[PDB]
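Worksheet: the structure to be examined is printed underneath.
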Amino acid sequence: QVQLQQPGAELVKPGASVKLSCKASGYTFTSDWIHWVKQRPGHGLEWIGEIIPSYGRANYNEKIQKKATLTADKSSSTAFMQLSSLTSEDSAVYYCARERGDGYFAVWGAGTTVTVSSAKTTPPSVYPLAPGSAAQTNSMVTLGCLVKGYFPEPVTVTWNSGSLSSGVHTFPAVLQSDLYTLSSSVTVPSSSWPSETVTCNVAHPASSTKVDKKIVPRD
Amino acid sequence: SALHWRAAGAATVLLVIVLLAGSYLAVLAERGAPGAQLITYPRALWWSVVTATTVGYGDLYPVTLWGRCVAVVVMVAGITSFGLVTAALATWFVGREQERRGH
Amino acid sequence: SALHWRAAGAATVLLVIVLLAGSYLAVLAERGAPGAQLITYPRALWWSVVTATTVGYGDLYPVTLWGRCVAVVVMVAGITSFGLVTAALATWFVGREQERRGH
Amino acid sequence: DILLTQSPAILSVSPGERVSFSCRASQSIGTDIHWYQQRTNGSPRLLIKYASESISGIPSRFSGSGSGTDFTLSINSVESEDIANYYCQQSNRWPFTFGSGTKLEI
Amino acid sequence: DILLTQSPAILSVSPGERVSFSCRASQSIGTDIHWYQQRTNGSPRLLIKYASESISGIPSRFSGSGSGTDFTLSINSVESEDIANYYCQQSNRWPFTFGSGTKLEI
């Protein structure tokens with residue numbers, strides 16, 4: 001049972017603010033601290049702050065600007081972090097994590113990708129990639145699907161809703177005209193296709209959109 | 001049960017509650033003070049006892065107002081307790097020397 | 001009010017005056033000693049209590065003659081006080097065990 | 001605020017070989033260091049707590065060692081799944097701090 | 001006698017940008033550092049006490065941070081009125097000492 005549950009994404013207009021949630025399941029104690037940890041792209045982990053939901057006291061990183069304000073709902077088992085008056089500096093993944101007051105972060109959320117821009121949200125467009133007719137197959141066959149013209153980050157791409165993990169590359173997005181674009185690749189034995197089915201599931205948290213696409217041979 | 005013995009018992013119970021509450025609150029006071037070390041429950045608990053006993057190694061100690069205010073209560077609990085046991089033992093002994101003289 | 005209880009009360013009042021006067025004078029003794037840390041009133045106050053209680057973390061302590069002379073008075077006040085309360089409790093208990101035997 | 005230093009930033013080792021990651025504290029923190037794994041697009045994962053103690057879940061291939069200011073995460077016989085970013089984290093003084101991190105690379 | 005070291009001596013920043021002044025103690029002084037502003041021909045002015053605590057009067061633009069030996073005065077979004085000489089000052093050991101100072105320059 002996933003203990004810390006966090007939104008995939010929040011888009012925020014520069015100057016605006018945002019409340020990040022963190023609902024906690026599993027054993028809670030009075031003792032427990034919820035922590036928030038900021039990770040900008042290609043940089044590492046930064047400690048923002050902590051709160052003890054039982055007595056409601058919070059503390060924050062003095063060493064950085066104090067954007068944040070922390071709160072909990074004792075009843076709904078949730079911690080909130082209120083990041084206010086953002087700029088692109090504040091564009092990061094924000095993890096929440098549970099510490100039993102003994103010093104280590106035993107468990108983390110999946111984090112929330114917070115993107116500070118003026119651009120509109122755009123669900124992605126998903127398109128198969130089945131080989132060309134004049135392509136000779138080996139013992140393996142590479143299929144893919146192309147996830148383009150979406151904003152903001154991120155998307156999650158899986159194959160047969162997760163049952164296909166072995167043989168899967170997802171490429172890092174590139175950005176071009178305030179829109180992201182990436183491919184994912186799957187490699188199943190040449191026999192097991194298309195006799196067995198292969199479907200690419202593409203979730204875009206910031207638009208609340210998931211889509212399937214089957215990779216059938218070219219007609 | 002004779003009173004002196006009750007009050008010692010009461011003070012041993014009450015000392016343990018003070019050692020636990022003390023550990024909890026010391027951590028709650030001390031987090032947010034940069035350089036504070038009295039910031040995890042388990043060693044807080046050790047700190048509370050080394051404090052109530054007046055042993056006071058100084059491996060750990062509070063550096064904030066409320067830490068210190070919590071520390072001052074743990075000490076007093078400690079000393080009162082470890083002096084009500086004495087007062088109780090003194091009254092047990094006095095009683096037994098009264099019987100050994102016929103009174 | 002019975003005497004033992006007065007003298008404890010008196011000693012609690014008198015201990016507080018010693019803790020305050022002690023804080024003031026410790027700072028007044030310790031400023032001018034290079035490396036002395038017992039040189040601001042608020043933490044002096046904390047020092048005085050960790051001293052009278054015999055807890056004695058050593059986060060702070062005096063390094064000058066008059067600091068030490070002030071420290072020795074705070075200790076003695078501390079110990080006398082926390083032993084007059086005991087003596088008072090011992091006399092309360094002894095009294096109550098005398099009644100519980102008919103005397 | 002305690003400063004955690006992870007040199008080197010990149011560590012190139014060969015399949016099945018022993019690897020060690022260094023984490024140096026700006027001042028003695030006892031054994032109040034904790035190591036996390038972060039794979040690409042993953043959240044951090046506790047490997048070792050209080051410098052040496054195993055987490056159940058974690059391969060026996062992972063050990064920690066160290067006291068005071070010098071700490072060391074080791075993998076006896078690295079394999080591909082070990083490819084990730086390693087961070088150390090102290091609990092000795094408020095506020096908790098993190099290492100800048102080190103990339104394992106086969 | 002504790003030695004306060006303010007590097008760099010001059011700090012060139014651009015209007016509205018974030019600036020940080022460093023003050024290093026020759027030995028742990030806890031949080032017993034205090035920061036003062038001195039404009040040209042002015043007397044010193046307390047900005048921050050005990051490393052981090054605000055003085056009422058002082059813009060919210062000013063923060064401090066640090067413990068032990070490393071201390072930091074920061075201005076989120078500098079403006080012209082910020083042009084002055086910054087000094088740190090310790091109260092941890094007798095006698096109180098001062099930083100050599102740092103000039104903010106836009």
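Naming scheme: A, B, ... for chains in displayed order of the structure tokens; residues 1 onward per chain; ligands 1 onward as shown.
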Hand me chain C as it sits after a least-squares fit onto chain B over every Cα, paired in order, written as a short mmCIF file (atom, residue, chain, number, x, y, z; two decimals) with N, CA and C atoms, in the first residue's frame.
data_model
loop_
_atom_site.label_atom_id
_atom_site.label_comp_id
_atom_site.auth_asym_id
_atom_site.auth_seq_id
_atom_site.Cartn_x
_atom_site.Cartn_y
_atom_site.Cartn_z
N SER C 1 -0.97 -0.02 52.05
CA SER C 1 0.21 0.83 51.74
C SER C 1 0.18 2.11 52.60
N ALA C 2 1.27 2.34 53.34
CA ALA C 2 1.62 3.59 54.06
C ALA C 2 1.84 4.77 53.08
N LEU C 3 1.53 6.01 53.48
CA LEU C 3 1.63 7.21 52.58
C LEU C 3 3.02 7.40 51.97
N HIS C 4 4.07 7.49 52.78
CA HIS C 4 5.43 7.72 52.23
C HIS C 4 5.65 6.81 51.03
N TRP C 5 5.23 5.55 51.15
CA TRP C 5 5.42 4.55 50.07
C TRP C 5 4.54 4.88 48.86
N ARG C 6 3.32 5.37 49.10
CA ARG C 6 2.41 5.76 47.99
C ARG C 6 3.11 6.89 47.24
N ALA C 7 3.24 8.07 47.84
CA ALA C 7 3.95 9.24 47.25
C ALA C 7 5.26 8.88 46.50
N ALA C 8 6.12 7.96 46.95
CA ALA C 8 7.32 7.51 46.17
C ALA C 8 6.87 6.82 44.87
N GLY C 9 6.03 5.80 45.01
CA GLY C 9 5.33 5.13 43.88
C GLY C 9 4.75 6.14 42.90
N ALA C 10 3.95 7.09 43.41
CA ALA C 10 3.30 8.18 42.63
C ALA C 10 4.39 8.95 41.87
N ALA C 11 5.50 9.22 42.56
CA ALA C 11 6.60 10.07 42.06
C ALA C 11 7.42 9.28 41.03
N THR C 12 7.53 7.96 41.18
CA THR C 12 8.18 7.07 40.17
C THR C 12 7.32 7.00 38.89
N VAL C 13 6.00 6.96 39.05
CA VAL C 13 5.07 6.91 37.89
C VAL C 13 5.24 8.26 37.19
N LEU C 14 4.89 9.32 37.93
CA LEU C 14 5.01 10.73 37.52
C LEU C 14 6.42 11.05 36.96
N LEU C 15 7.52 10.51 37.51
CA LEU C 15 8.87 10.73 36.91
C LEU C 15 8.92 10.14 35.49
N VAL C 16 8.43 8.91 35.29
CA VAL C 16 8.43 8.23 33.96
C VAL C 16 7.63 9.07 32.96
N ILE C 17 6.45 9.58 33.35
CA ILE C 17 5.62 10.41 32.44
C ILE C 17 6.43 11.65 32.06
N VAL C 18 7.08 12.25 33.06
CA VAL C 18 7.93 13.44 32.81
C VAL C 18 9.07 13.04 31.87
N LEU C 19 9.74 11.89 32.06
CA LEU C 19 10.85 11.47 31.15
C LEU C 19 10.34 11.29 29.72
N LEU C 20 9.15 10.73 29.54
CA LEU C 20 8.61 10.52 28.17
C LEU C 20 8.16 11.85 27.56
N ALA C 21 7.24 12.56 28.23
CA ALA C 21 6.72 13.85 27.74
C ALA C 21 7.91 14.76 27.44
N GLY C 22 8.91 14.73 28.33
CA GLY C 22 10.16 15.50 28.25
C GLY C 22 10.90 15.21 26.97
N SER C 23 11.18 13.94 26.70
CA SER C 23 11.75 13.52 25.40
C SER C 23 10.97 14.09 24.22
N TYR C 24 9.63 13.98 24.22
CA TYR C 24 8.77 14.36 23.06
C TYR C 24 8.99 15.86 22.79
N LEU C 25 8.62 16.69 23.78
CA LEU C 25 8.73 18.18 23.85
C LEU C 25 10.18 18.67 23.61
N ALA C 26 11.20 18.11 24.25
CA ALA C 26 12.60 18.50 23.94
C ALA C 26 12.78 18.41 22.41
N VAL C 27 12.43 17.30 21.78
CA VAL C 27 12.65 17.25 20.30
C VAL C 27 11.81 18.35 19.65
N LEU C 28 10.59 18.56 20.10
CA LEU C 28 9.65 19.51 19.46
C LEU C 28 10.14 20.96 19.61
N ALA C 29 10.84 21.28 20.70
CA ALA C 29 11.44 22.60 21.02
C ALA C 29 12.73 22.83 20.21
N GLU C 30 13.53 21.76 20.10
CA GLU C 30 14.94 21.84 19.64
C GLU C 30 15.04 21.82 18.11
N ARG C 31 14.19 21.06 17.40
CA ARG C 31 14.15 21.15 15.91
C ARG C 31 13.84 22.60 15.53
N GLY C 32 14.54 23.13 14.52
CA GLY C 32 14.43 24.55 14.12
C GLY C 32 15.55 25.41 14.66
N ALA C 33 16.25 24.99 15.72
CA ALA C 33 17.50 25.63 16.22
C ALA C 33 18.73 25.06 15.51
N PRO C 34 19.37 25.82 14.61
CA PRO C 34 20.48 25.28 13.85
C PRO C 34 21.68 24.96 14.73
N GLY C 35 22.12 23.70 14.67
CA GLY C 35 23.17 23.14 15.55
C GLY C 35 22.58 22.34 16.72
N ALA C 36 21.29 22.50 17.00
CA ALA C 36 20.65 21.69 18.05
C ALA C 36 20.88 20.21 17.73
N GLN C 37 21.17 19.40 18.74
CA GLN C 37 21.37 17.93 18.55
C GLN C 37 20.31 17.09 19.24
N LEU C 38 19.44 17.72 20.03
CA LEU C 38 18.50 17.04 20.94
C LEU C 38 17.19 16.89 20.15
N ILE C 39 17.29 16.27 18.96
CA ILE C 39 16.34 16.45 17.81
C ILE C 39 15.80 15.12 17.29
N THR C 40 16.10 14.00 17.97
CA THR C 40 15.48 12.66 17.73
C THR C 40 15.00 12.02 19.05
N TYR C 41 13.84 11.34 19.02
CA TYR C 41 13.15 10.80 20.23
C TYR C 41 14.06 9.86 21.01
N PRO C 42 14.67 8.85 20.38
CA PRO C 42 15.42 7.87 21.16
C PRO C 42 16.52 8.47 22.06
N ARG C 43 17.38 9.33 21.51
CA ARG C 43 18.47 9.93 22.31
C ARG C 43 17.88 11.03 23.20
N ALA C 44 16.78 11.65 22.80
CA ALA C 44 16.04 12.56 23.71
C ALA C 44 15.78 11.78 25.00
N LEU C 45 15.30 10.56 24.83
CA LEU C 45 14.87 9.74 25.99
C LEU C 45 16.08 9.56 26.91
N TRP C 46 17.23 9.27 26.33
CA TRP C 46 18.52 9.09 27.07
C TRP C 46 18.87 10.40 27.75
N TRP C 47 18.69 11.50 27.03
CA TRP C 47 19.00 12.85 27.55
C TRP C 47 18.13 13.11 28.78
N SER C 48 16.84 12.83 28.66
CA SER C 48 15.89 13.10 29.77
C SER C 48 16.38 12.39 31.05
N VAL C 49 16.84 11.15 30.96
CA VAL C 49 17.26 10.35 32.15
C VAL C 49 18.58 10.89 32.69
N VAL C 50 19.55 11.17 31.79
CA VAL C 50 20.88 11.67 32.23
C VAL C 50 20.61 13.03 32.85
N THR C 51 19.44 13.61 32.59
CA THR C 51 19.08 14.95 33.15
C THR C 51 18.40 14.81 34.51
N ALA C 52 17.37 13.99 34.64
CA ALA C 52 16.59 13.82 35.88
C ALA C 52 17.47 13.28 37.02
N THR C 53 18.45 12.44 36.66
CA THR C 53 19.43 11.79 37.57
C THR C 53 20.51 12.78 38.02
N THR C 54 20.55 13.95 37.39
CA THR C 54 21.58 15.01 37.58
C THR C 54 22.95 14.52 37.08
N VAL C 55 22.98 13.43 36.30
CA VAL C 55 24.28 12.88 35.84
C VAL C 55 24.85 13.93 34.89
N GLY C 56 24.13 14.21 33.82
CA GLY C 56 24.43 15.39 32.97
C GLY C 56 25.79 15.32 32.26
N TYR C 57 25.95 14.31 31.39
CA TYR C 57 27.21 14.08 30.68
C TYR C 57 27.48 15.32 29.83
N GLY C 58 26.43 15.89 29.22
CA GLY C 58 26.57 16.95 28.20
C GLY C 58 26.88 16.42 26.80
N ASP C 59 26.87 15.11 26.57
CA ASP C 59 26.86 14.58 25.18
C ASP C 59 25.71 15.31 24.43
N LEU C 60 24.62 15.55 25.15
CA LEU C 60 23.46 16.27 24.60
C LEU C 60 22.89 17.24 25.63
N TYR C 61 22.22 18.29 25.14
CA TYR C 61 21.51 19.28 25.98
C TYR C 61 20.80 20.28 25.11
N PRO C 62 19.72 20.94 25.58
CA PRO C 62 18.98 21.89 24.76
C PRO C 62 19.69 23.25 24.64
N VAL C 63 19.34 23.98 23.59
CA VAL C 63 19.95 25.30 23.24
C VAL C 63 18.89 26.38 22.96
N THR C 64 17.61 26.02 22.99
CA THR C 64 16.42 26.89 22.79
C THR C 64 15.77 27.15 24.14
N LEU C 65 14.89 28.17 24.20
CA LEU C 65 14.22 28.57 25.46
C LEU C 65 13.35 27.41 25.96
N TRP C 66 12.51 26.89 25.07
CA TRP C 66 11.51 25.87 25.51
C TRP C 66 12.25 24.56 25.79
N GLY C 67 13.35 24.30 25.08
CA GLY C 67 14.17 23.14 25.43
C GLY C 67 14.60 23.27 26.87
N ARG C 68 15.12 24.44 27.16
CA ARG C 68 15.69 24.66 28.48
C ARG C 68 14.55 24.61 29.49
N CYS C 69 13.38 25.18 29.17
CA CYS C 69 12.20 25.19 30.09
C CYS C 69 11.76 23.74 30.35
N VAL C 70 11.69 22.91 29.31
CA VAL C 70 11.45 21.44 29.42
C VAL C 70 12.57 20.79 30.28
N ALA C 71 13.82 21.14 30.01
CA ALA C 71 14.95 20.57 30.77
C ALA C 71 14.75 20.90 32.26
N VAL C 72 14.34 22.13 32.60
CA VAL C 72 14.27 22.57 34.01
C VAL C 72 13.21 21.75 34.71
N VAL C 73 12.09 21.46 34.05
CA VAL C 73 11.02 20.59 34.63
C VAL C 73 11.55 19.16 34.82
N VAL C 74 12.33 18.63 33.88
CA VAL C 74 12.82 17.22 33.99
C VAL C 74 13.72 17.07 35.24
N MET C 75 14.70 17.97 35.38
CA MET C 75 15.58 18.13 36.57
C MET C 75 14.74 18.10 37.84
N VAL C 76 13.74 18.98 37.92
CA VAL C 76 13.03 19.19 39.22
C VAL C 76 12.29 17.90 39.54
N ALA C 77 11.51 17.39 38.61
CA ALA C 77 10.88 16.06 38.70
C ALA C 77 11.94 15.09 39.22
N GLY C 78 13.01 14.89 38.46
CA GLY C 78 14.16 14.07 38.88
C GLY C 78 14.52 14.30 40.35
N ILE C 79 14.96 15.49 40.71
CA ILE C 79 15.39 15.73 42.10
C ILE C 79 14.25 15.50 43.11
N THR C 80 13.07 16.10 42.94
CA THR C 80 11.94 15.82 43.86
C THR C 80 11.75 14.31 44.05
N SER C 81 11.55 13.56 42.97
CA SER C 81 11.39 12.08 43.01
C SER C 81 12.49 11.45 43.88
N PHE C 82 13.76 11.71 43.56
CA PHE C 82 14.94 10.99 44.12
C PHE C 82 15.21 11.52 45.52
N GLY C 83 14.23 12.26 46.06
CA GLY C 83 14.27 12.86 47.40
C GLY C 83 13.00 12.59 48.16
N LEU C 84 12.02 11.97 47.49
CA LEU C 84 10.76 11.49 48.12
C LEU C 84 10.93 10.02 48.49
N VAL C 85 11.48 9.20 47.58
CA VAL C 85 12.14 7.88 47.90
C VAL C 85 13.03 8.02 49.15
N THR C 86 13.95 9.01 49.22
CA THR C 86 14.82 9.15 50.42
C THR C 86 13.94 9.42 51.64
N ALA C 87 13.07 10.41 51.55
CA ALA C 87 12.17 10.79 52.65
C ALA C 87 11.35 9.58 53.09
N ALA C 88 10.96 8.68 52.15
CA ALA C 88 10.11 7.48 52.39
C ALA C 88 10.95 6.43 53.13
N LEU C 89 12.10 6.08 52.57
CA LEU C 89 13.13 5.24 53.23
C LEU C 89 13.44 5.78 54.65
N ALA C 90 13.65 7.08 54.84
CA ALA C 90 13.92 7.67 56.17
C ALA C 90 12.77 7.40 57.14
N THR C 91 11.53 7.33 56.66
CA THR C 91 10.32 7.18 57.50
C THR C 91 10.08 5.69 57.80
N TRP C 92 10.53 4.83 56.88
CA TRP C 92 10.48 3.35 57.03
C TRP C 92 11.48 3.01 58.13
N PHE C 93 12.71 3.46 57.97
CA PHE C 93 13.78 3.24 58.96
C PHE C 93 13.44 3.78 60.35
N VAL C 94 12.99 5.03 60.43
CA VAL C 94 12.59 5.65 61.72
C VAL C 94 11.55 4.75 62.37
N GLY C 95 10.47 4.39 61.67
CA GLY C 95 9.46 3.43 62.14
C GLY C 95 10.09 2.18 62.74
N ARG C 96 11.07 1.56 62.07
CA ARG C 96 11.66 0.24 62.45
C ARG C 96 12.56 0.39 63.68
N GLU C 97 13.17 1.56 63.89
CA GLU C 97 14.02 1.82 65.08
C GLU C 97 13.12 2.15 66.27
N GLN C 98 11.89 2.63 66.02
CA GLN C 98 10.87 2.87 67.09
C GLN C 98 10.44 1.51 67.65
N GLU C 99 10.27 0.48 66.81
CA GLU C 99 9.79 -0.87 67.24
C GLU C 99 10.88 -1.63 68.01
N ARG C 100 12.12 -1.44 67.56
CA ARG C 100 13.36 -2.06 68.11
C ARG C 100 13.74 -1.37 69.44
N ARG C 101 12.98 -0.36 69.90
CA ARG C 101 13.10 0.28 71.24
C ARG C 101 11.81 0.13 72.07
N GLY C 102 10.76 -0.50 71.52
CA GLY C 102 9.54 -0.86 72.27
C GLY C 102 8.37 0.10 72.06
N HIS C 103 8.67 1.34 71.66
CA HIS C 103 7.63 2.37 71.40
C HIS C 103 6.52 1.82 70.50
#
Per DSSP on the backbone, filter chain E down to the residues in strand (DSSP E) and report them as a PyMOL selection string. chain E and resi 4-5+10-12+19-25+33-38+45-49+53-54+62-67+70-75+85-90+97-98+102-105
Could you check how far atom CA of residue A:11 sits from atom CA of residue A:206, in Å to one decimal? 7.0 Å
Could you tell me how far atom CA of residue D:101 sits from atom CA of residue D:62, in Å to one decimal place?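 We find that atom CA of residue D:62 and atom CA of residue D:101 lie 16.7 Å from each other.
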One decimal, Å: what's the distance from atom CA of residue A:214 over to atom CA of residue A:164, could you say?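 So the two atoms, atom CA of residue A:214 and atom CA of residue A:164, lie 13.4 Å apart.
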Quick one: which residues from chain E are at most 9 Å off chain D, using only C-alpha atoms, as a list in words? residues 65, 66, 67, 68, 69 and 70 of chain E
What would the file look like if the residues just selected were written as a CSV table (one decimal), in the first residue's frame with N, CA and C atoms?
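selection.csv was written with the following content:
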chain,number,residue,atom,x,y,z
E,65,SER,N,21.1,33.2,7.9
E,65,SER,CA,21.1,31.7,8.0
E,65,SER,C,22.5,31.3,8.5
E,66,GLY,N,22.7,30.2,9.2
E,66,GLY,CA,24.0,29.6,9.5
E,66,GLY,C,24.1,29.2,10.9
E,67,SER,N,25.0,28.3,11.2
E,67,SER,CA,25.3,27.8,12.6
E,67,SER,C,26.8,27.3,12.6
E,68,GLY,N,27.4,27.5,13.8
E,68,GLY,CA,28.8,27.0,14.1
E,68,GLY,C,29.9,28.0,13.6
E,69,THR,N,30.4,27.7,12.4
E,69,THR,CA,31.4,28.6,11.8
E,69,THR,C,30.9,29.2,10.5
E,70,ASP,N,29.9,28.8,9.8
E,70,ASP,CA,29.5,29.4,8.5
E,70,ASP,C,28.2,30.1,8.6
Tell me, counting only C-alpha atoms, for each residue of chain D within 12 Å of chain A, which pair of atoms is nearest and how far apart they are in Å to one decimal, in rows ordered by chain and increasing number, as JSON lines.
{"residue": "D:1", "atom": "CA", "partner": "A:63", "partner_atom": "CA", "distance": 8.7}
{"residue": "D:2", "atom": "CA", "partner": "A:63", "partner_atom": "CA", "distance": 11.8}
{"residue": "D:4", "atom": "CA", "partner": "A:45", "partner_atom": "CA", "distance": 11.8}
{"residue": "D:6", "atom": "CA", "partner": "A:44", "partner_atom": "CA", "distance": 11.8}
{"residue": "D:9", "atom": "CA", "partner": "A:44", "partner_atom": "CA", "distance": 11.5}
{"residue": "D:31", "atom": "CA", "partner": "A:103", "partner_atom": "CA", "distance": 11.2}
{"residue": "D:32", "atom": "CA", "partner": "A:103", "partner_atom": "CA", "distance": 7.7}
{"residue": "D:33", "atom": "CA", "partner": "A:104", "partner_atom": "CA", "distance": 8.4}
{"residue": "D:34", "atom": "CA", "partner": "A:104", "partner_atom": "CA", "distance": 6.4}
{"residue": "D:35", "atom": "CA", "partner": "A:104", "partner_atom": "CA", "distance": 8.9}
{"residue": "D:36", "atom": "CA", "partner": "A:105", "partner_atom": "CA", "distance": 8.9}
{"residue": "D:37", "atom": "CA", "partner": "A:45", "partner_atom": "CA", "distance": 11.6}
{"residue": "D:38", "atom": "CA", "partner": "A:44", "partner_atom": "CA", "distance": 9.8}
{"residue": "D:40", "atom": "CA", "partner": "A:172", "partner_atom": "CA", "distance": 10.2}
{"residue": "D:41", "atom": "CA", "partner": "A:110", "partner_atom": "CA", "distance": 9.3}
{"residue": "D:42", "atom": "CA", "partner": "A:110", "partner_atom": "CA", "distance": 7.2}
{"residue": "D:43", "atom": "CA", "partner": "A:110", "partner_atom": "CA", "distance": 5.6}
{"residue": "D:44", "atom": "CA", "partner": "A:108", "partner_atom": "CA", "distance": 6.8}
{"residue": "D:45", "atom": "CA", "partner": "A:107", "partner_atom": "CA", "distance": 7.3}
{"residue": "D:46", "atom": "CA", "partner": "A:106", "partner_atom": "CA", "distance": 6.2}
{"residue": "D:47", "atom": "CA", "partner": "A:106", "partner_atom": "CA", "distance": 9.5}
{"residue": "D:48", "atom": "CA", "partner": "A:104", "partner_atom": "CA", "distance": 9.4}
{"residue": "D:49", "atom": "CA", "partner": "A:104", "partner_atom": "CA", "distance": 6.8}
{"residue": "D:50", "atom": "CA", "partner": "A:104", "partner_atom": "CA", "distance": 8.3}
{"residue": "D:51", "atom": "CA", "partner": "A:104", "partner_atom": "CA", "distance": 10.9}
{"residue": "D:53", "atom": "CA", "partner": "A:104", "partner_atom": "CA", "distance": 11.7}
{"residue": "D:55", "atom": "CA", "partner": "A:106", "partner_atom": "CA", "distance": 9.2}
{"residue": "D:56", "atom": "CA", "partner": "A:106", "partner_atom": "CA", "distance": 11.3}
{"residue": "D:57", "atom": "CA", "partner": "A:106", "partner_atom": "CA", "distance": 11.7}
{"residue": "D:85", "atom": "CA", "partner": "A:44", "partner_atom": "CA", "distance": 9.0}
{"residue": "D:86", "atom": "CA", "partner": "A:44", "partner_atom": "CA", "distance": 10.0}
{"residue": "D:87", "atom": "CA", "partner": "A:45", "partner_atom": "CA", "distance": 8.2}
{"residue": "D:88", "atom": "CA", "partner": "A:45", "partner_atom": "CA", "distance": 10.1}
{"residue": "D:89", "atom": "CA", "partner": "A:104", "partner_atom": "CA", "distance": 7.9}
{"residue": "D:90", "atom": "CA", "partner": "A:103", "partner_atom": "CA", "distance": 7.8}
{"residue": "D:91", "atom": "CA", "partner": "A:103", "partner_atom": "CA", "distance": 4.9}
{"residue": "D:92", "atom": "CA", "partner": "A:103", "partner_atom": "CA", "distance": 8.0}
{"residue": "D:93", "atom": "CA", "partner": "A:103", "partner_atom": "CA", "distance": 9.9}
{"residue": "D:94", "atom": "CA", "partner": "A:61", "partner_atom": "CA", "distance": 9.9}
{"residue": "D:95", "atom": "CA", "partner": "A:61", "partner_atom": "CA", "distance": 7.4}
{"residue": "D:96", "atom": "CA", "partner": "A:47", "partner_atom": "CA", "distance": 7.2}
{"residue": "D:97", "atom": "CA", "partner": "A:47", "partner_atom": "CA", "distance": 6.6}
{"residue": "D:98", "atom": "CA", "partner": "A:45", "partner_atom": "CA", "distance": 6.6}
{"residue": "D:99", "atom": "CA", "partner": "A:45", "partner_atom": "CA", "distance": 8.0}
{"residue": "D:100", "atom": "CA", "partner": "A:44", "partner_atom": "CA", "distance": 6.2}
{"residue": "D:101", "atom": "CA", "partner": "A:44", "partner_atom": "CA", "distance": 6.7}
{"residue": "D:102", "atom": "CA", "partner": "A:44", "partner_atom": "CA", "distance": 9.7}
{"residue": "D:103", "atom": "CA", "partner": "A:44", "partner_atom": "CA", "distance": 11.1}
Tell me which protein, DNA and RNA residues are within 7 Å of residue A:211, counting only C-alpha atoms, leaving out same-chain ones fewer than 3 positions away, and put them as a PDB file with C-alpha atoms, in the first residue's frame.
ATOM      1  CA  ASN A 201      -0.765   3.591 -22.026  1.00  0.00           C
ATOM      2  CA  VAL A 202       0.105   7.343 -21.740  1.00  0.00           C
ATOM      3  CA  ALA A 203      -0.929   9.311 -18.630  1.00  0.00           C
TER       4      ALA A 203
END
Select from chain B everything DSSP, run on the backbone, classes as helix (DSSP H, G or I), then give the selection as number ranges by chain. B: 3-30, 41-52, 65-99
Skipping near chain neighbours, those fewer than 4 positions away, what residues fall within 9 Å of residue A:15 using only C-alpha atoms, listed as a list in words? residues 84, 85, 86, 87 and 116 of chain A
Mind checking which residues fall within 7 Å of residue A:182, counting only C-alpha atoms, ignoring those fewer than 6 positions away in the same chain, and posting them as a PDB file with N, CA, C and O atoms, in the first residue's frame?
ATOM      1  N   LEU A 146       4.814   7.533 -29.880  1.00  0.00           N
ATOM      2  CA  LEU A 146       5.367   8.898 -29.993  1.00  0.00           C
ATOM      3  C   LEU A 146       4.395   9.837 -29.283  1.00  0.00           C
ATOM      4  O   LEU A 146       3.212   9.933 -29.711  1.00  0.00           O
ATOM      5  N   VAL A 147       4.865  10.495 -28.230  1.00  0.00           N
ATOM      6  CA  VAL A 147       3.989  11.327 -27.358  1.00  0.00           C
ATOM      7  C   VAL A 147       4.439  12.778 -27.528  1.00  0.00           C
ATOM      8  O   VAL A 147       5.470  13.151 -26.920  1.00  0.00           O
ATOM      9  N   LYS A 148       3.732  13.543 -28.369  1.00  0.00           N
ATOM     10  CA  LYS A 148       4.194  14.895 -28.774  1.00  0.00           C
ATOM     11  C   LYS A 148       3.100  15.937 -28.597  1.00  0.00           C
ATOM     12  O   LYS A 148       1.894  15.581 -28.580  1.00  0.00           O
ATOM     13  N   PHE A 171      12.386   7.835 -23.791  1.00  0.00           N
ATOM     14  CA  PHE A 171      13.386   8.895 -24.018  1.00  0.00           C
ATOM     15  C   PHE A 171      12.941  10.140 -23.268  1.00  0.00           C
ATOM     16  O   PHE A 171      11.761  10.395 -23.067  1.00  0.00           O
ATOM     17  N   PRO A 172      13.914  10.895 -22.739  1.00  0.00           N
ATOM     18  CA  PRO A 172      13.646  12.179 -22.103  1.00  0.00           C
ATOM     19  C   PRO A 172      12.975  13.131 -23.069  1.00  0.00           C
ATOM     20  O   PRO A 172      13.442  13.159 -24.179  1.00  0.00           O
ATOM     21  N   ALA A 173      11.953  13.869 -22.649  1.00  0.00           N
ATOM     22  CA  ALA A 173      11.292  14.849 -23.548  1.00  0.00           C
ATOM     23  C   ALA A 173      12.368  15.830 -24.074  1.00  0.00           C
ATOM     24  O   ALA A 173      13.478  15.893 -23.438  1.00  0.00           O
ATOM     25  N   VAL A 174      12.111  16.436 -25.253  1.00  0.00           N
ATOM     26  CA  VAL A 174      12.743  17.692 -25.780  1.00  0.00           C
ATOM     27  C   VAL A 174      11.638  18.740 -25.814  1.00  0.00           C
ATOM     28  O   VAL A 174      10.461  18.344 -25.968  1.00  0.00           O
TER      29      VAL A 174
END
Counting only C-alpha atoms, what is within 7 Å of residue D:21, bar same-chain residues fewer than 5 positions away, as a PyMOL selection string? chain D and resi 72-74
